[PDB]
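Shown next as structure tokens: one chain only, the form deposited in one PDB entry.
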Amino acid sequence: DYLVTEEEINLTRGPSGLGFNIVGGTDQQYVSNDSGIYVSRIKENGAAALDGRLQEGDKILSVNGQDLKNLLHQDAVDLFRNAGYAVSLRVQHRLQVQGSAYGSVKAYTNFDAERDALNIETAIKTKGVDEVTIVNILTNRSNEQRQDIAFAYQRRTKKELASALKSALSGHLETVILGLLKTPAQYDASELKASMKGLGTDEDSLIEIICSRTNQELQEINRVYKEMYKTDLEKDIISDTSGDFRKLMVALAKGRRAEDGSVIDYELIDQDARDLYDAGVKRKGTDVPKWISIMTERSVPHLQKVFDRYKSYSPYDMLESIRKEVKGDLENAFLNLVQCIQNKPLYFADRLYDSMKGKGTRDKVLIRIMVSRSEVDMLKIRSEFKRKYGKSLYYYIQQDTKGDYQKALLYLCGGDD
């Protein structure tokens, strides 16, 4: 999913300074228990920007040959402030090279935003509305292509595409289409905002989003949430949850989980496993903060190994331990989180099965998963679904939904099996 490259960058400090900011240190950890020094910002027309090599999110390994390993924040700052005007940096980059490789919806190769916008306008305005054409277009374009369509639509009609579709569509189909027209962060932010109703908060939707999104996704959600609603996501969580459930949700929503490490820390894997047992099944009652700290701070690959080592000590695996130890929203949040850590595509496959298996449909959950995972890991979700349930995700959608709504969801599924 990611690539790591190292590189020596040589900067000359000009009248505007080096032109970048840093975070980190043993006392100001960027992510949980990470003491590294990271570039947080790069100023324009500064030395780093005009050089081009340094990038935000870079880890700074050394300055003028001095290693930035396990330093106080101030000691790293002092090494920069006491450097000369010729500054040599060894830096580590982190590059994401996955994209939509495991998504079911790909960018349409022969895309033409103006053509799509015109054909959707025509479909909206034909007598009776041509929902088939609207579904065929919008579910067979990537999210960013949909944004270009919406821009071209507004330019030619002087009306917003989402407003026009609110009038042209109804029912679950409208929910699907309007969801697809939001960016991933806008969609997640709006779903979280809608779930927070004070004492009527939709904990299940809160849990699903907060427990399953990564650091990078949550950082974008936090930024977009603030722009859209003029309040920080964390503040709305605090005012709409309570108890240990609130502390868990707040911790997860920060999106500061330890990032994937190069070295597997076997000693910490074992110690975390013992701690989880000692805090839960081994004792009367539960030390919930210890569970929260471990499960929100460690990297996902680390915790995967922790949960297996936990079985060496405990007669019960982590999931059945949660069921035995806690109840209510807190129990449901831990259960979702542990499933997300162990196998995220299987987590979504099981949530999709649950949304359809019984009487009627939990359309809110079904739609949200099909919209939000279609460009992420729907191909992996489909593989886990077929392996566990024998029939395909496509088949269950077909049995539980009908009409143009069904057709849109099957396009988001992408194919059978």
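Rigid core: the largest C-alpha set superposing within 1.5 Å between the two forms. Residue numbers here begin at 1 and follow the sequence given. Shifts are known only where both forms have a C-alpha.
Beyond the structure shown, there is the form deposited in another entry, which is absent from this document and is the topic of what follows.
With a cut-off of 2 Å and the rigid core superposed, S314 has a Cα displacement that falls short of the cut-off between this form and the one not shown. Positional change of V39 between this form and the one not shown reaches 2 Å or more at the C-alpha, relative to the superposed core. Closer approach of the C-alpha atoms of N110 and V97, by 3 angstroms or more, is seen in the other entry than in the present form.
Shown here is a form in which the CA atoms of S32 and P301 lie at least 3 Å closer together than they do in the other entry.
Listed in sequence order, the runs of 3 or more residues present in both forms whose C-alphas shift by at least 2 angstroms between this form and the one not shown, with the core superposed, are 1 to 99, 197 to 199.
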